[PDB]
Amino acid sequence: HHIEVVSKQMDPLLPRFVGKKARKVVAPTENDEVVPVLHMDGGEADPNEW
Amino acid sequence: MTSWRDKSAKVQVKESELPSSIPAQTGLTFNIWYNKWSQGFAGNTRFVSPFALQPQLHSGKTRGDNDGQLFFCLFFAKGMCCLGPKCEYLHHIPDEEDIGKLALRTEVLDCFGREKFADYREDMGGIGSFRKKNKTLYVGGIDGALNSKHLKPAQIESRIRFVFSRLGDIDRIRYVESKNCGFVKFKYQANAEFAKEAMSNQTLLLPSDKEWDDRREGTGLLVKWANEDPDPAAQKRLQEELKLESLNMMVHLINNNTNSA
Amino acid sequence: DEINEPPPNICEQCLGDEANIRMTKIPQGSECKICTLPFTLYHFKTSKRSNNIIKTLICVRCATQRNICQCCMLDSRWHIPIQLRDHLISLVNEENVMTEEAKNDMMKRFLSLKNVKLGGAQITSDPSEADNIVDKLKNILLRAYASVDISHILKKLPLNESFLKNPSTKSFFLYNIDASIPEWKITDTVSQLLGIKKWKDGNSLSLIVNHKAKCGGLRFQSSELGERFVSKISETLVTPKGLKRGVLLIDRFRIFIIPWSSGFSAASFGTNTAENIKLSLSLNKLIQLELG
Amino acid sequence: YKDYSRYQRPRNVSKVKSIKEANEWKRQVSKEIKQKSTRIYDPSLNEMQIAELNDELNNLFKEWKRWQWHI
Amino acid sequence: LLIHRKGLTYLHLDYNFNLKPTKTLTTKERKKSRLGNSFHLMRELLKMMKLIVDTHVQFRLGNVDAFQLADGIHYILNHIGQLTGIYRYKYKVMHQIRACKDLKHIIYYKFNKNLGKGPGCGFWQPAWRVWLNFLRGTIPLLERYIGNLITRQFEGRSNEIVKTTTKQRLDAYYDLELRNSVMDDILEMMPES
Amino acid sequence: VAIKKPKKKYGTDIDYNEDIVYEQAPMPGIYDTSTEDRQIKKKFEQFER
Amino acid sequence: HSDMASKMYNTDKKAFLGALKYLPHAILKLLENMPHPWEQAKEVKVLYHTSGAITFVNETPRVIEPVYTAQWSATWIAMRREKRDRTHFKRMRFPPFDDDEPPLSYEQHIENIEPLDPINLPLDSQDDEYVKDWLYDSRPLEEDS
RNA sequence: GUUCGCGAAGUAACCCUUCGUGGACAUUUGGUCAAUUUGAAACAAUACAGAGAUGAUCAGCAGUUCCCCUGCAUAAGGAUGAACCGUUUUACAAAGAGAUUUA
Ligand SMILES: O=P(O)(O)O[C@H]1[C@H](OP(=O)(O)O)[C@@H](OP(=O)(O)O)[C@H](OP(=O)(O)O)[C@@H](OP(=O)(O)O)[C@H]1OP(=O)(O)O
Ligand SMILES: [Mg+2]
Ligand SMILES: [Mg+2]
Ligand SMILES: [Mg+2]
Ligand SMILES: [Mg+2]
Ligand SMILES: [Mg+2]
Ligand SMILES: [Zn+2]
Ligand SMILES: [Zn+2]
Ligand SMILES: [Zn+2]
């Protein structure tokens, strides 16, 4: 099948983008790989201060 | 053929005889966008359908038969189609030849052409889901249908067996007195969708009863989609037929791989 | 990405037989049936002179995750529904594969935007992983109430009369009907026997089967059909007292008949479901008394 | 219209009218039956209060008998 | 159709385009039934048009003389600030009302030379230009206002509304900055954990 | 008589009981958790029984 | 589309709201095309929705500037004369209709009636010979090539 | 149906009428959509609850939220718009004593 794709001449009074509403979505995070958090070192002595 | 193909379909309701588009007034002002009544309370909103299908009477050839229409007239089922033989959709009980035409189409939408939805409605009413090939109807609200006649518990099933037998081939009919409700299972889904809209808001009166003049005053019965059958005497029949359906599909599917190779 | 969007997934049998098909694109048409979120509605017609618009009901992401077309929502390979697909794979891997779907709107949207496949959509869309499972289907084919007062009712059931030619009756009494064997299947078997096919037009026969009492009755109009129903049944069983009973023969089942000689009618098998079960239990013995 | 959610009982049961009308007055008892039945089992601890509320229940339940009696 | 889609059915439009409540309202109604400056200015604009078309109707029916008709349009266009009440939704139109009152002075002492103080004047052409130019300037304004309103009716309003700073929330935002900068410079000088 | 659910305050209110809420599945690992899933499901169906 | 309560009207109900943004444009094309005092009726060319949402007056009024100045000069003199000789001039009442009654249909209550005389000056026969044929036409000299 | 041909018949005398027969002209509408209950407006009303920081009464700004409403609005209102006011246990070790086990 070879398909001819055209556009509909819409009524300029009926709203364009009929399925379009102001809806809120939460998005999943796609993680395939873990980024290693590449710090360095194990000083660390704590003078009880701070 | 002799009952259906011989004659043409008849005008059920005259176009002046059709009901008014506004509903019965259950509010203070009419709402124009949403065609309902607004202020005050909301009452009941259910009434007995004034019109009913006489299937061996109203069936006949229509305009959709010559066009090769796939879908049945929604208001043929309600007994309300005013176009008669001039109507674009079909006017007859679905048959094996007819559902064979709907076979690629029935998966996502009903026999009336309305699109099925993802999940069922909360009260199991309406069109139905494409996720489950439901062939069983919950016949409920029988007291308001009968106009509060008592009768017995098995005569009620006798009314159910006579009415739904005209609307297609039946798998089984079960009536439960303690739950005052019936479960009708059909051979095909398309009959079940057809009989659902045919028997919504109807009455099981049979004019040999004395309340036949007051058939309109009642509430009308609810035909809705059935849930699963919870007894294991039926549960074991479900996976038995699901097994036979799977064996009938695998034979068809290895022939696809036979041709694919 | 609103400017880089996949082509729609549609079946071959959705598109039909013709070569060129004029399809209409609407960039934000309807919202998805599954994920309730908008998409590009394509719709088209098979021929030019058809009368049915075939719309795409679900978005491409919900069609990808299930590996189904957007129009008829059948699987892209094997062309079977999703519920039957995930049941066929579960017979192969011996574990349940199942695409589960949200009932909540914020989780119908959430489950679509992830890039996984669902259910059997890992098995299908891999032609290698599909074809070997078809071979694994092939080896499966190589295997190939004592307190009730029921005495008011059994007086009306015949249970004591013979199936001969000589009584000229309208109705009959069907017992030994299993909880399977649907109501249409018995009516087709009788109509196949008489050649009175499309019987529902003329209403030649009316049949009532309880499926709880394991009993039924079929009623004929025009009593001359009764002798045709008798003469077209050859196999009978004689109880060792006498009283021969014809057998109706649906596949692998056996149903016994007696000329009822009246119009039994609904409530003849019973008036309550707890009462109906004991009628099946009451015959269990008589079937064993008829055979053995 | 006219709601039945506005007015009183009305006091005498025999003076009420046709059966499709007293049906809605009857359910106009049953809701307060349902509401104050849920108000029985509450652990809210006021034993004097739930005693007078128990008497109101017995009063309304006797009315519910009377509306059924008229029908 | 707009009022009934918003759910307001206790607001009555008469056929002379006045919006009046049918009953005394709870405050949850009065918060729901605030129609903005777009709807009312659109309603006052149709009211002016209905007011002019009806005078041409009453001439056409034979009820009005042709000289009374010309005075009728000349009475309308000088007194739209009195007959309609469009001024409250855009007070900028008081410029046009001053224009239609000024032309009225210019026309009359030319017109009412030597014939008294009757109401006979009907030279409505200059005041007709002023409202025709005002309609020119508030085509694009009202297309924007009502284009936002109906797309808010058909799609809801945006979840992503971000509040710009103004005079009222200046010190409040100055706090949220000042908290965050001291958060960073101390969480960077802690030891660890 | 079944327990009534709480009424939805807004349109997209979530029945948390109805589904895995925001199912962040764990990342696919190598050590083959195949027998372990069978034993939780057998234990979890045992707990519901 | 007088009383639209059927289910078929659902798209057309949307169309009326969607045409509301265009409605100040239609008012501009209506008030600029308003008939001037000399003419009884004026036939304008309109563009309408097939669902009948809005009706735009699809014309712009072109006039000849010396012709238009004389036409209003003639009606200036006519109203200046009419105000002088009338004993009492009755200004019409505003608003012209009751707000309770709907705007009356054109084809039943207006189309059948004869219009009325327009505000045409007496006109000289000798001094104004060249212009008296066509001065009060709706479009003056419209077909004079 | 028009228009160009060709043929036959009659009136004709090459024109008119009739019906046979080639051409040419003109070429695939509409639907995302079917007409009351069962595919989804809301609000009023009954009843109950009674109102941020406080001892007490009164101005408010914000902030976070998979809550939004009105408004043309990125202005501003919506009770400071609302919700918040609860639940609360392990990166856990080092050192020093009396009962009890082990084998
Ligand atoms: O303030 P005044 O000296 O009394 O002037 C009035 C006043 O003038 P404006 O029309 O400019 O306002 C009248 O207007 P109202 O405020 O009373 O409506 C107007 O009445 P008309 O519009 O009916 O003409 C009338 O004009 P006239 O006398 O021509 O009727 C005119 O008085 P003078 O024109 O005599 O100065
Ligand atoms: Mg403030
Ligand atoms: Mg605020
Ligand atoms: Mg305030
Ligand atoms: Mg706040
Ligand atoms: Mg305050
Ligand atoms: Zn029809
Ligand atoms: Zn989707
Ligand atoms: Zn498909």
# chains A, B, ... in the order shown; residues from 1 in each chain; ligands from 1
>>> residues_around(residues="residue 36 in chain D", least_positions_apart="3", cutoff="8 Å", atoms="only C-alpha atoms (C1' of nucleotides)", output="PyMOL selection string")
chain D and resi 32-33+39-40+53+57
>>> residues_around(residues="residue 145 in chain C", least_positions_apart="4", cutoff="12 Å", atoms="only C-alpha atoms (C1' of nucleotides)", output="PyMOL selection string")
chain C and resi 149-150+273-282
>>> write_last_selection(atoms="N, CA and C atoms", output="PDB file, in the first residue's frame")
ATOM      1  N   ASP C 149     -38.528 -30.672  49.094  1.00  0.00           N
ATOM      2  CA  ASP C 149     -39.710 -31.471  48.763  1.00  0.00           C
ATOM      3  C   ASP C 149     -39.960 -31.354  47.263  1.00  0.00           C
ATOM      4  N   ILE C 150     -39.259 -32.197  46.506  1.00  0.00           N
ATOM      5  CA  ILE C 150     -39.253 -32.085  45.052  1.00  0.00           C
ATOM      6  C   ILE C 150     -40.366 -32.892  44.403  1.00  0.00           C
ATOM      7  N   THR C 273     -33.463 -21.770  42.373  1.00  0.00           N
ATOM      8  CA  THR C 273     -32.175 -22.306  41.944  1.00  0.00           C
ATOM      9  C   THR C 273     -31.673 -23.403  42.874  1.00  0.00           C
ATOM     10  N   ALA C 274     -31.902 -23.261  44.184  1.00  0.00           N
ATOM     11  CA  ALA C 274     -31.565 -24.333  45.113  1.00  0.00           C
ATOM     12  C   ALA C 274     -32.447 -25.544  44.885  1.00  0.00           C
ATOM     13  N   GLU C 275     -33.676 -25.310  44.441  1.00  0.00           N
ATOM     14  CA  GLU C 275     -34.577 -26.390  44.092  1.00  0.00           C
ATOM     15  C   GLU C 275     -34.176 -27.035  42.770  1.00  0.00           C
ATOM     16  N   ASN C 276     -33.585 -26.258  41.863  1.00  0.00           N
ATOM     17  CA  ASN C 276     -33.242 -26.773  40.543  1.00  0.00           C
ATOM     18  C   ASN C 276     -32.068 -27.733  40.588  1.00  0.00           C
ATOM     19  N   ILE C 277     -31.135 -27.514  41.514  1.00  0.00           N
ATOM     20  CA  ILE C 277     -29.942 -28.347  41.601  1.00  0.00           C
ATOM     21  C   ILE C 277     -30.314 -29.768  41.986  1.00  0.00           C
ATOM     22  N   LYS C 278     -31.287 -29.908  42.886  1.00  0.00           N
ATOM     23  CA  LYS C 278     -31.716 -31.222  43.342  1.00  0.00           C
ATOM     24  C   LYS C 278     -32.439 -32.006  42.259  1.00  0.00           C
ATOM     25  N   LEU C 279     -32.982 -31.327  41.253  1.00  0.00           N
ATOM     26  CA  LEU C 279     -33.594 -32.048  40.150  1.00  0.00           C
ATOM     27  C   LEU C 279     -32.540 -32.692  39.267  1.00  0.00           C
ATOM     28  N   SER C 280     -31.396 -32.031  39.101  1.00  0.00           N
ATOM     29  CA  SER C 280     -30.268 -32.660  38.429  1.00  0.00           C
ATOM     30  C   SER C 280     -29.770 -33.855  39.221  1.00  0.00           C
ATOM     31  N   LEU C 281     -29.714 -33.714  40.545  1.00  0.00           N
ATOM     32  CA  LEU C 281     -29.244 -34.786  41.408  1.00  0.00           C
ATOM     33  C   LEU C 281     -30.217 -35.951  41.427  1.00  0.00           C
ATOM     34  N   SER C 282     -31.502 -35.651  41.208  1.00  0.00           N
ATOM     35  CA  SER C 282     -32.570 -36.686  41.228  1.00  0.00           C
ATOM     36  C   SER C 282     -32.486 -37.553  39.966  1.00  0.00           C
TER      37      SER C 282
END
>>> residues_near_ligand(ligand="ligand 9", cutoff="8 Å", atoms="only C-alpha atoms (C1' of nucleotides) and all ligand atoms", output="PyMOL selection string")
chain C and resi 10-14+68-76+79
>>> residues_near_ligand(ligand="ligand 1", cutoff="9 Å", atoms="only C-alpha atoms (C1' of nucleotides) and all ligand atoms", output="VMD selection string")
(chain E and resid 75 78 to 79 101 to 102 104 to 105 108 to 109 112 116 to 121) or (chain G and resid 91)
>>> atom_distance(atom1="CA of residue 39 in chain A", atom2="CA of residue 185 in chain E")
20.6 Å
>>> residues_near_ligand(ligand="ligand 7", cutoff="12 Å", atoms="only C-alpha atoms (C1' of nucleotides) and all ligand atoms", output="PyMOL selection string")
(chain B and resi 9-13+53+58-65+69+71-92+112) or (chain H and resi 34-35)
>>> residues_near_ligand(ligand="ligand 5", cutoff="9 Å", atoms="only C-alpha atoms (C1' of nucleotides) and all ligand atoms", output="PyMOL selection string")
chain H and resi 62-63+80-82
>>> residues_around(residues="range 12-27 of chain H", least_positions_apart="5", cutoff="12 Å", atoms="only C-alpha atoms (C1' of nucleotides)", output="ChimeraX atom specification")
/H:1-7
>>> write_last_selection(atoms="N, CA, C and O atoms (P, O5', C5', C4', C3', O3' and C1' of nucleotides)", output="PDB file, in the first residue's frame")
ATOM      1  P     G H   1     -35.043  15.080 -23.001  1.00  0.00           P
ATOM      2  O5'   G H   1     -33.592  15.740 -23.062  1.00  0.00           O
ATOM      3  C5'   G H   1     -33.023  16.185 -24.284  1.00  0.00           C
ATOM      4  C4'   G H   1     -31.901  17.163 -24.035  1.00  0.00           C
ATOM      5  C3'   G H   1     -31.170  17.686 -25.258  1.00  0.00           C
ATOM      6  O3'   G H   1     -31.876  18.718 -25.917  1.00  0.00           O
ATOM      7  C1'   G H   1     -29.606  17.091 -23.598  1.00  0.00           C
ATOM      8  P     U H   2     -31.725  18.908 -27.503  1.00  0.00           P
ATOM      9  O5'   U H   2     -30.300  19.593 -27.672  1.00  0.00           O
ATOM     10  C5'   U H   2     -30.103  20.942 -27.284  1.00  0.00           C
ATOM     11  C4'   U H   2     -28.643  21.313 -27.289  1.00  0.00           C
ATOM     12  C3'   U H   2     -27.936  21.235 -28.631  1.00  0.00           C
ATOM     13  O3'   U H   2     -28.168  22.362 -29.456  1.00  0.00           O
ATOM     14  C1'   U H   2     -26.615  20.182 -26.996  1.00  0.00           C
ATOM     15  P     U H   3     -28.276  22.184 -31.050  1.00  0.00           P
ATOM     16  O5'   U H   3     -26.790  21.847 -31.509  1.00  0.00           O
ATOM     17  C5'   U H   3     -25.739  22.788 -31.354  1.00  0.00           C
ATOM     18  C4'   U H   3     -24.398  22.140 -31.576  1.00  0.00           C
ATOM     19  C3'   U H   3     -24.241  21.405 -32.893  1.00  0.00           C
ATOM     20  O3'   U H   3     -23.970  22.261 -33.983  1.00  0.00           O
ATOM     21  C1'   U H   3     -23.415  20.058 -31.141  1.00  0.00           C
ATOM     22  P     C H   4     -24.483  21.864 -35.447  1.00  0.00           P
ATOM     23  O5'   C H   4     -23.439  20.770 -35.940  1.00  0.00           O
ATOM     24  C5'   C H   4     -22.180  21.173 -36.445  1.00  0.00           C
ATOM     25  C4'   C H   4     -21.162  20.069 -36.363  1.00  0.00           C
ATOM     26  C3'   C H   4     -21.191  19.046 -37.480  1.00  0.00           C
ATOM     27  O3'   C H   4     -20.576  19.510 -38.668  1.00  0.00           O
ATOM     28  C1'   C H   4     -20.929  17.955 -35.394  1.00  0.00           C
ATOM     29  P     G H   5     -21.180  19.096 -40.096  1.00  0.00           P
ATOM     30  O5'   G H   5     -22.005  17.777 -39.781  1.00  0.00           O
ATOM     31  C5'   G H   5     -22.185  16.787 -40.774  1.00  0.00           C
ATOM     32  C4'   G H   5     -21.322  15.585 -40.508  1.00  0.00           C
ATOM     33  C3'   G H   5     -21.758  14.318 -41.220  1.00  0.00           C
ATOM     34  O3'   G H   5     -21.269  14.258 -42.544  1.00  0.00           O
ATOM     35  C1'   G H   5     -21.342  13.846 -38.938  1.00  0.00           C
ATOM     36  P     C H   6     -22.284  14.037 -43.763  1.00  0.00           P
ATOM     37  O5'   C H   6     -22.633  12.490 -43.673  1.00  0.00           O
ATOM     38  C5'   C H   6     -21.604  11.518 -43.757  1.00  0.00           C
ATOM     39  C4'   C H   6     -22.101  10.161 -43.340  1.00  0.00           C
ATOM     40  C3'   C H   6     -23.431   9.730 -43.934  1.00  0.00           C
ATOM     41  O3'   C H   6     -23.334   9.243 -45.258  1.00  0.00           O
ATOM     42  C1'   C H   6     -23.427   9.291 -41.614  1.00  0.00           C
ATOM     43  P     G H   7     -24.566   9.435 -46.271  1.00  0.00           P
ATOM     44  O5'   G H   7     -25.667   8.401 -45.753  1.00  0.00           O
ATOM     45  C5'   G H   7     -25.443   7.000 -45.825  1.00  0.00           C
ATOM     46  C4'   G H   7     -26.489   6.211 -45.071  1.00  0.00           C
ATOM     47  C3'   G H   7     -27.926   6.345 -45.545  1.00  0.00           C
ATOM     48  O3'   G H   7     -28.201   5.579 -46.705  1.00  0.00           O
ATOM     49  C1'   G H   7     -27.848   6.420 -43.178  1.00  0.00           C
TER      50        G H   7
END
>>> select_by_dssp(residues="range 91-235 of chain C", states="helix (DSSP H, G or I)", output="NGL selection string")
:C and (91-93 or 105-110 or 119-121 or 127-143 or 151-154 or 183-194 or 199-202 or 224-231)
>>> residues_around(residues="residue 115 in chain C", least_positions_apart="2", cutoff="8 Å", atoms="only C-alpha atoms (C1' of nucleotides)", output="list in words")
residues 30 of chain A; 65, 112, 113 and 117 of chain C
>>> residues_near_ligand(ligand="ligand 3", cutoff="12 Å", atoms="only C-alpha atoms (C1' of nucleotides) and all ligand atoms", output="PDB file with C-alpha atoms (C1' of nucleotides), in the first residue's frame")
ATOM      1  CA  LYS E 163       3.657  34.755  38.390  1.00  0.00           C
ATOM      2  CA  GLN E 168       3.041  43.440  46.129  1.00  0.00           C
ATOM      3  CA  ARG E 169       5.382  40.432  46.037  1.00  0.00           C
TER       4      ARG E 169
ATOM      5  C1'   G H  60      -2.014  40.775  54.408  1.00  0.00           C
ATOM      6  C1'   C H  61       2.375  38.866  50.685  1.00  0.00           C
ATOM      7  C1'   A H  62       4.309  34.534  49.346  1.00  0.00           C
ATOM      8  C1'   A H  75      -2.342  42.419  36.251  1.00  0.00           C
ATOM      9  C1'   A H  76      -5.524  41.041  40.261  1.00  0.00           C
ATOM     10  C1'   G H  77      -9.077  38.518  43.025  1.00  0.00           C
ATOM     11  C1'   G H  78     -10.893  33.492  44.812  1.00  0.00           C
ATOM     12  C1'   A H  79     -10.951  32.653  53.263  1.00  0.00           C
ATOM     13  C1'   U H  80      -3.362  35.277  53.291  1.00  0.00           C
ATOM     14  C1'   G H  81      -8.216  30.623  47.356  1.00  0.00           C
ATOM     15  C1'   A H  82      -7.723  25.798  49.061  1.00  0.00           C
TER      16        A H  82
END
>>> residues_near_ligand(ligand="ligand 8", cutoff="7 Å", atoms="only C-alpha atoms (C1' of nucleotides) and all ligand atoms", output="number ranges by chain")
C: 32-37, 58-62, 112
>>> interface_residues(of="chain G", to="chain E", cutoff="9 Å", atoms="only C-alpha atoms", output="PyMOL selection string")
chain G and resi 13-14+16-18+20-25+27-28+30-32+36-38+40-41+72+75-76+78-80+82-84+88-103+109-110+113-119
>>> residues_around(residues="range 11-18 of chain D", least_positions_apart="2", cutoff="7 Å", atoms="only C-alpha atoms (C1' of nucleotides)", output="list in words")
residues 9, 20, 21, 22, 66, 67 and 70 of chain D
>>> write_last_selection(atoms="N, CA and C atoms", output="PDB file, in the first residue's frame")
ATOM      1  N   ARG D   9     -42.896  16.610  57.508  1.00  0.00           N
ATOM      2  CA  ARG D   9     -43.147  15.171  57.406  1.00  0.00           C
ATOM      3  C   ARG D   9     -44.072  14.778  56.249  1.00  0.00           C
ATOM      4  N   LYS D  20     -47.995   7.734  43.985  1.00  0.00           N
ATOM      5  CA  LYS D  20     -46.738   8.196  43.380  1.00  0.00           C
ATOM      6  C   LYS D  20     -46.125   9.389  44.109  1.00  0.00           C
ATOM      7  N   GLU D  21     -46.854   9.973  45.055  1.00  0.00           N
ATOM      8  CA  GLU D  21     -46.486  11.176  45.785  1.00  0.00           C
ATOM      9  C   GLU D  21     -45.938  10.814  47.163  1.00  0.00           C
ATOM     10  N   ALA D  22     -46.663   9.957  47.890  1.00  0.00           N
ATOM     11  CA  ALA D  22     -46.200   9.425  49.168  1.00  0.00           C
ATOM     12  C   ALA D  22     -44.978   8.517  49.035  1.00  0.00           C
ATOM     13  N   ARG D  66     -45.620   3.749  59.515  1.00  0.00           N
ATOM     14  CA  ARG D  66     -46.899   4.380  59.199  1.00  0.00           C
ATOM     15  C   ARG D  66     -47.010   4.739  57.722  1.00  0.00           C
ATOM     16  N   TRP D  67     -45.919   5.217  57.112  1.00  0.00           N
ATOM     17  CA  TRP D  67     -45.939   5.489  55.675  1.00  0.00           C
ATOM     18  C   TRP D  67     -46.119   4.208  54.866  1.00  0.00           C
ATOM     19  N   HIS D  70     -49.914   3.255  55.215  1.00  0.00           N
ATOM     20  CA  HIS D  70     -50.828   3.978  54.336  1.00  0.00           C
ATOM     21  C   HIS D  70     -50.827   3.401  52.925  1.00  0.00           C
TER      22      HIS D  70
END
>>> closest_atom_pairs(of="chain F", to="chain A", cutoff="10 Å", atoms="only C-alpha atoms", output="Markdown table")
| residue | atom | partner | partner_atom | distance |
| --- | --- | --- | --- | --- |
| F:12 | CA | A:24 | CA | 9.4 |
| F:22 | CA | A:28 | CA | 8.1 |
| F:23 | CA | A:28 | CA | 8.7 |
| F:24 | CA | A:28 | CA | 7.6 |
| F:26 | CA | A:31 | CA | 9.7 |
| F:27 | CA | A:32 | CA | 7.1 |
| F:28 | CA | A:32 | CA | 8.2 |
>>> interface_residues(of="chain F", to="chain H", cutoff="10 Å", atoms="only C-alpha atoms (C1' of nucleotides)", output="list in words")
residues 9, 10, 11, 12, 13, 14 and 22 of chain F
>>> decode(residues="range 4-15 of chain F", atoms="C-alpha atoms", output="short mmCIF file (atom, residue, chain, number, x, y, z; two decimals), in the first residue's frame")
data_model
loop_
_atom_site.label_atom_id
_atom_site.label_comp_id
_atom_site.auth_asym_id
_atom_site.auth_seq_id
_atom_site.Cartn_x
_atom_site.Cartn_y
_atom_site.Cartn_z
CA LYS F 4 -18.02 2.91 49.53
CA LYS F 5 -14.98 4.56 47.99
CA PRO F 6 -14.22 8.19 48.84
CA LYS F 7 -15.64 10.62 46.32
CA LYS F 8 -13.33 12.24 43.78
CA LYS F 9 -12.58 15.85 44.69
CA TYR F 10 -11.24 16.71 41.23
CA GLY F 11 -11.21 15.08 37.82
CA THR F 12 -8.00 13.05 37.72
CA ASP F 13 -8.03 11.98 41.36
CA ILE F 14 -6.11 8.76 41.82
CA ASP F 15 -7.37 5.56 43.38
#
